[PDB]
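Only one chain comes next, encoded as structure tokens, the form deposited in one PDB entry.
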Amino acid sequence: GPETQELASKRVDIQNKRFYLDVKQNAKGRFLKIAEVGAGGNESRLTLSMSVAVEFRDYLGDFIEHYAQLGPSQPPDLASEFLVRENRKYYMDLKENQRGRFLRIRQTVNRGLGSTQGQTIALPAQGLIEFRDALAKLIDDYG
């Protein structure tokens, strides 16, 4: 609320989706919040450390360079996986929905049968370069 202050923000418009890339700050340090605004104003959030954001900028870079090769392999005629794990706990997954022309990104934490849920955005493939450019500009300026 008044705990976290906002330092900077960028808006990117791709199809009917609006993304806000925010640089924010609290007691715990500086982080990057991505807000996606869908139909009916349904927001989904992705929240990144400044080091995971650097990584994420480059994962987007990888897909931009390699979008078809990293897409889902065609099925068998009648005759892909992109996952990052850190300290065996924190997961980030990126996967193309070919029907949507979307890149789905999920961040989760696993803790045996411990409980936890996580965070998911989907980026139209036609706004990948623009999203990534905006993300990169915020990293250049906000350490």
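For the two forms, the rigid core is made up of the largest set of C-alpha atoms that agree within 1.5 Å on superposition. Residue indices: 1-based, along the sequence shown.
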Using what the record says, work out whether there is a hole in the model between residue 88 and residue 89 and how many deposited residues it spans (none, 1 to 3, 4 to 9, 10 or more). none
Interval residue 79-residue 80, deposited residues with no coordinates in the entry (none, 1 to 3, 4 to 9, 10 or more): 10 or more
Comparing 3-11 with 133-141, which has the greater mean CA B-factor as deposited? 3-11
So 35-43 or 51-59, which one's hotter by mean CA B-factor in the entry? 35-43
Per the PDB entry, which option out of 111, 95, 30, 66 has the greatest Cα B factor? 111
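Just so it is clear, the following notes concern the form deposited in another entry, a form of the same protein that is not shown.
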Flag for residue 92, CA shift 2 Å or larger between this form and the one not shown after aligning core: yes
With both forms fit on the core, is the shift of the CA atom of residue 118 between this form and the one not shown 2 Å or larger? yes
Can you tell whether residue 98 sits closer to or farther from residue 103 in the other entry than it does here, judged by CA atoms, where the change is 3 Å or more? farther
Per the comparison in the other entry, the residue 91 and residue 13 C-alpha atoms (change 3 Å or more) are positioned closer
